[PDB]
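Here's the structure we're looking at; comments come further down.
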Amino acid sequence: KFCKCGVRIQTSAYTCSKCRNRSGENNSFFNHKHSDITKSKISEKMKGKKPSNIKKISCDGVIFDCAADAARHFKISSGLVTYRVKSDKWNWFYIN
DNA sequence: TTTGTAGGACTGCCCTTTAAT
DNA sequence: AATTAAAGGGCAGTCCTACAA
Ligand SMILES: [Zn+2]
């Protein structure tokens, strides 16, 4: 049997693995909901990590891995970090 | 039988902006 | 002006499941 893309697939295969739509309603887990257990599991394994979208910062010399560390260190809200980094009154900038 | 797959369904952690003080 | 709690918007890592192999 031949697949819509042209390659030969098993008579039972609805499409080659390469043509298989897995987006939206086509995903095998589409419209499903996760249990409180699964949620809890995921939760535990994500604890301790840092997202890829952090920004190294330098507080007039003292550098941190992310704004949150800068905030937790100075003991301020994360929004105030943003404020200062933009204020001309502070020497706070995000590192390359 | 078993395995691989990819995106849906989620998470922690993150950054910014807004309201309200 | 200075500050913060929430709401807005993000990202890769985890789980989960039907289907090709
Ligand atoms: Zn195909």
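Protein chains get the first letters and strands the later ones, always in sequence-line order, with residue 1 at the start of each. Below, all heavy atoms of this structure are taken into account, side chains as well, without hydrogens, waters or symmetry copies.
Looking at every heavy atom in both residues, A:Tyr14 comes nearest to A:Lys1 through CA-NZ, 4.2 Å. Annotation for A:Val81 and A:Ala71: closest pair CG2-CB, 3.6 Å, computed over non-hydrogen atoms. Annotation for A:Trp92 and A:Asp60: closest pair CD1-N, 3.6 Å, computed over non-hydrogen atoms.
Residues from residues 22-29 of chain A lying near DNA chain B, meaning a heavy-atom separation below 4.0 Å, are A:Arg22, A:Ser23, A:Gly24, A:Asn27, A:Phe29 in numerical order. Non-hydrogen atoms lying under 4.0 Å from DNA chain B are contributed by A:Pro51, A:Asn53, A:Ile54, A:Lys55, all within residues 51-64 of chain A.
Chain A approaches DNA chain C over the interval C:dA1 to C:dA21, counting the first and last nucleotide 5' to 3' with an atom under 4.0 Å from its heavy atoms.
Across all strands, A:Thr15 comes closer than 4.0 Å only to sugar-phosphate atoms, never to a base (heavy-atom distances).
The phosphate of B:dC14 has neither OP1 nor OP2 within less than 4.0 Å of any side-chain N or O from A:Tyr94. The phosphate of B:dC10 (OP1 or OP2) has no side-chain N or O of A:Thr38 nearer than 4.0 angstrom. In this structure, A:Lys50 does not reach the B:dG12 phosphate: none of its side-chain N or O atoms is under 4.0 Å from OP1 or OP2. Checking the phosphate oxygens (OP1, OP2) of B:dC10, a side-chain nitrogen or oxygen of A:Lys33 falls inside 4.0 Å.
Using a distance-only test at 3.5 Å, with no hydrogens or angles considered, a donor-acceptor pair links the side chain of A:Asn27 to the main chain of A:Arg22.
Closest to the side chain of A:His34, from the set B:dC15, B:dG4, B:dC10, is B:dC10.
Whole-Å rounding puts the A:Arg72 CZ to B:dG12 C1' distance at 12 Å. Across the protein-nucleic acid pair, A:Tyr83 atom OH and B:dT21 atom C1' stand 14 Å apart, rounded to whole Å. A:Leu80 has its CG atom 14 Å from the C1' atom of B:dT21, to the nearest Å.
Side-chain contact check for A:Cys66 versus A:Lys50: some heavy-atom pair is nearer than 4.5 Å.
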